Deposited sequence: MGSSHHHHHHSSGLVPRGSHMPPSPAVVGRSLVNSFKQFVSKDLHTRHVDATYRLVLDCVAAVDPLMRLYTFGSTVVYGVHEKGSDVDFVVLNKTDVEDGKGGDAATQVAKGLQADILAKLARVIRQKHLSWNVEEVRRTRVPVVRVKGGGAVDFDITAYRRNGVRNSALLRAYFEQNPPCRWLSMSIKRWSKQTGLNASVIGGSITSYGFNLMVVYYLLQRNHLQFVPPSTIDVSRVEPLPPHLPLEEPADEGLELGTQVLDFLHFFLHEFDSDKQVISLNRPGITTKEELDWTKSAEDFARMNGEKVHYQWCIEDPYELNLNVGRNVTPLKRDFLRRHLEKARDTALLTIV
C-alpha cells in the first residue's frame, strides 16, 4: 500500500503499546545480587535502555558487573572457556538466591547459547534475563541509545520492525527464530545511517564507566503526521534490505560510516568451515557485525535457507504493512 496506508495502520496497531516499574524490578534483582556479593554492580541493558521506554511483552535485561569491569569501560569481553565458566558460576549462585527468595518464580539457567544467561519468569510483570561479567551488552545498548537520542521518532521504526520480527518468528526470542531483536536494531540503525537520518557515532566514544545502570526515560511522542513518516520509513527500510543491501558482499555494520564488505572481515565460505560456535557452524550468509565483540556475526544462525525465509518475509511485510493489514 501507500506510506499513508502503511503508517496509519501501524499507528492504529500501537494503542496499548514509559519506564514505570523497572525501578521496582531492578531493586528486586539488586536485592538478590547483594546477597551473592554486596559490591557487585547491576546494570539494565536491552530495550528499556536502548529505547528509553518499556514496551508490552518485553522482558528486562540485567547484567552483573565488577567495579573493575566498569572502570575498564573500554576493553573487550574475552571469548574463552574460562570467562564463560566464570559467568555460569556467578549466575548459578544468583539463581539459587532468587529461587530461595521467590518460590513462585521459575529460574532457568540457559547454557545452549553463546552467553550464559538466567531466565526468570514469575507470571505477569516478572520477566527478566540476567547475564554476568560482560560490558559489551551495556556498551552495545548505550551505542544504540546514543543514536536514538539523536532522532527519537526513529524508535517507532525500530519498534515496528521488532514486533514484526516476533510475529513472523524470525526473532531469536521466539522458538525457531535466528536473529535477536538487537540484530534488527542494528539493521534499522545501519539502514538509517545509510539514508543520512542519523549521524555516525564512533563505537569507541561509548564509555561504560559513564553509563547509568538505569538511564532516564525518553519521552515517546506518538506520530503527529497521522503516521506518514513511519510508513515511508517502513516501506523504504524493507526496500533497502530487499533491493539495495547486497547480502552476498556486504556486512550490516556500525563500526564505520559507509560500506563494509565480507572480504574485508574474511566472513567467507572458507571461514564457515573453520568455525563452530556452540558446536555448530557459523554462517556468513546475512552478515551483522557486533561493534564491540571480536569477530562476531549477530547473524551467525542465519543459514542459507533462513536467509531465503527472511527475504520472503520482507516481501510479504511490504505487501501487508508489516502484517497489520
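Coordinate coverage of the deposited sequence breaks at 1-22, 40-44, 353, these segments carrying no C-alpha atoms.
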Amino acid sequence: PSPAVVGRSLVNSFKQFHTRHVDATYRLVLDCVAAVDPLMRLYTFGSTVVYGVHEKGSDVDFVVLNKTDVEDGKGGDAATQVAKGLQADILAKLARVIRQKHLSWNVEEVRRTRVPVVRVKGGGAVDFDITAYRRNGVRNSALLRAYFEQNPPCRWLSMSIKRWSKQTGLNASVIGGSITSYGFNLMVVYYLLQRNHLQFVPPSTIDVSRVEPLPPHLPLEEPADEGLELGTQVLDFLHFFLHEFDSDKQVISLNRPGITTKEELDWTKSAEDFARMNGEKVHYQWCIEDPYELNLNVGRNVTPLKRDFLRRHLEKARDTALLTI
From here on, numbers count along this sequence of modelled residues.
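Under this definition, the rigid core comprises the largest set of C-alpha atoms superposing within 1.5 Å between the forms.
Comparing 208-216 with 80-88 in 7 other deposited structures of this protein, after superposition on the rigid core, the stretch with the greater RMS C-alpha deviation is 80-88.
Each structure in 7 other deposited structures of this protein is fitted to the shown form on the rigid core, and of 46-54 and 270-278 the C-alphas lie farther away on average for 270-278.
Coordinates for residue 20 are absent from at least a third of the other compared entries of this protein that model residues on both sides of it.
Of the two segments examined, 34-42 and 47-55, it is 34-42 that shows the higher average Cα temperature factor in the deposited entry. Here 136-144 and 199-207 are compared by their mean Cα B-factor, and 199-207 comes out higher. Looking at 117, 189, 97, 78, the one whose CA carries the top B-factor in the deposited record is 78. Which of 179, 90, 220, 251 has the largest Cα B-factor in the deposited entry comes down to 220. For residue 234, the recorded CA B-factor ranks within the middle third of the chain. Only modelled residues enter the ranking. The deposited CA B-factor of residue 73 belongs to the highest third of values across its chain. In the deposited entry, the Cα temperature factor of residue 24 places it in the middle third of its chain's modelled residues. Among the modelled residues of its chain, residue 162 has a C-alpha B-factor that falls in the lowest third according to the deposited record. For residue 277, the recorded CA temperature factor ranks within the highest third of the chain's modelled residues.
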